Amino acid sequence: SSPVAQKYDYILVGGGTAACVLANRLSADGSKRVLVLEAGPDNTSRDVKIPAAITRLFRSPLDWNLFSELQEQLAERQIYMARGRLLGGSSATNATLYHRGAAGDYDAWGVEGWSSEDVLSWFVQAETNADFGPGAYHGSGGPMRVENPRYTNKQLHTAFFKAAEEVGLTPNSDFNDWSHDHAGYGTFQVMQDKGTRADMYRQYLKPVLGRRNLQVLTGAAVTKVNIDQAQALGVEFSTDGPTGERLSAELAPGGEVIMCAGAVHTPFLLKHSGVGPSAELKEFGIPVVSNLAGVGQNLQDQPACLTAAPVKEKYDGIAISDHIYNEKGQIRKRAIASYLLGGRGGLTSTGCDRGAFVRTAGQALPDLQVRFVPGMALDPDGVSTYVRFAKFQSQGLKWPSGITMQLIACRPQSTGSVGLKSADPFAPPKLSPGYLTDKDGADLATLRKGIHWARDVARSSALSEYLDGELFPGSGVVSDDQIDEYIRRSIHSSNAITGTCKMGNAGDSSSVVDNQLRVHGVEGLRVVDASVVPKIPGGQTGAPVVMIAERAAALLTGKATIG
């Protein structure tokens, strides 16, 4: 009752990160009626705008509340895998960290037309950096806002840098500069506009919500893509939910359907739509339009574990938790006041924006990403501690002061999968992260060796002055087996998730899309989001998504060509 006898030049499934970019650039003439269907609501939550309230988006209405299948290798647990559920997608719920990884990450893709020399200009074109001048690696005129974090914990952040220096790391002054090596300790830039989250809704969709050729439907959950037998022809959605009406939205002659539901829900929606490994599709009774074996497969996420330690009594009150809560658990008015009048203070932080990239075994690129938090975890799952921190508000308790080190396998070797669990298009997908299953034990050894590195750092003079004990894993965890066990029980997602509809050269029987993001054997169906990432780059994945979406956009409208 919303696309009523209206034929669209481009239909966008999902109003996420890449989708926001695409609507902007495709709606930019006047000739292309673009539609955007977003399951979740509009972007208006204050908890999304204030970076520190990331703590309140986890397991919230605005998250998809996805949970993995049982992971036998991880002590038979389910793994919460947070995903944003609103316009802008996970850019509105993410940690705001700005990482491109290294140039080799892209060269390793092997795909023609998408080497590091091909991607670098599309990063720079999307960026306005408050803290680096315009150059080969940084932009000044692009829609994204990037800045150095406007919080500093004067005492713990400096001691982390002194500690890292003590154990032999050297600094890196820009982890996104491909003229020097990726490893090093340093400060991560953040996707923030003076301490407000600068999500892709705010930076791209909001400035164009008035173009008459641009129609944005929130609350609109797509259930399949119409493919008349091969050619996509529309989508089906429901404006209320599982128990509503099954509307349809037709395309114009020449109109394409761009998948933008993310590396979780896109390979899910495609499988419901007829594109996937047939042996899986037959089992639920879905005809096969295209039998591509790579849909669902190659899921790549970056696992994390953590260490935490309290600070000595004499340093009580110098943690970021002390800057956000008072001894009774109410938000400090000084922290509110510095945020609102100046865009400074604890509220601007997601807490994890200083750290390191480390080679644990002389790998070619860093296998380990460290995120240092000047606050103390109280649960060894880091995602839970943030949930816990939110609910800790006004309980009358005092969150103890300490530090945390989150360790991340940033170029992991284990692959996962996204599959069908029900015929119900409103059912949760079958999701298996598959961390720690690479045949060589290499991801587990990255993290185990990360733990030893984090204790060396904590044991340095620089940090031992402040620290007093270790709470996680703790004194009882000495042996490697004991470390490996703790990893298996506390391992959590650093929240990347790429590769489920990966692109590849012609003749790649494993690839789902081609170097122009068109899925094989279907007409007018493209995929532009984190699924197409053939090999996950070293770091958080928001930025490479934006790049991919800019590139795909300028390709569609004939401003650039690939290969």
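All residue numbers are counted from 1 along the displayed sequence. Heads up, when I say rigid core I mean the largest set of C-alphas that superpose within 1.5 Å between the two forms.
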item: Farther-lying stretch by C-alpha RMS in 5 other deposited structures of this protein (rigid core fit) among 5 to 13, 551 to 559; value: 5 to 13
item: Stretch departing more from the displayed form, 239 to 247 or 377 to 385, Cα RMS in 5 other deposited structures of this protein (core fit); value: 239 to 247
item: Missing residues, deposited sequence, between residue 229 and residue 230 (class: none, 1 to 3, 4 to 9, 10 or more); value: 4 to 9
item: Given 245 to 253 and 262 to 270, the range whose Cα B-factors average higher in the PDB entry; value: 245 to 253
item: Of 81 to 89 and 68 to 76, the stretch whose C-alpha atoms average the higher B-factor in the entry; value: 68 to 76
item: C-alpha B-factor winner, where the candidates are 355, 168, 141, 419; value: 419
item: Maximum C-alpha temperature factor, selected from 40, 524, 538, 51; value: 524
item: Third of the chain, ranked by Cα B-factor, where residue 494 sits; value: lowest
item: Modelled-residue ranking by C-alpha temperature factor, third containing residue 174; value: lowest
item: Chain third (lowest, middle, highest) by recorded CA B-factor, residue given as residue 117; value: middle
item: CA B-factor ranking of residue 199, expressed as a third of its chain; value: middle
item: Entry-reported Cα temperature factor of residue 205, expressed as the chain third it lands in; value: middle
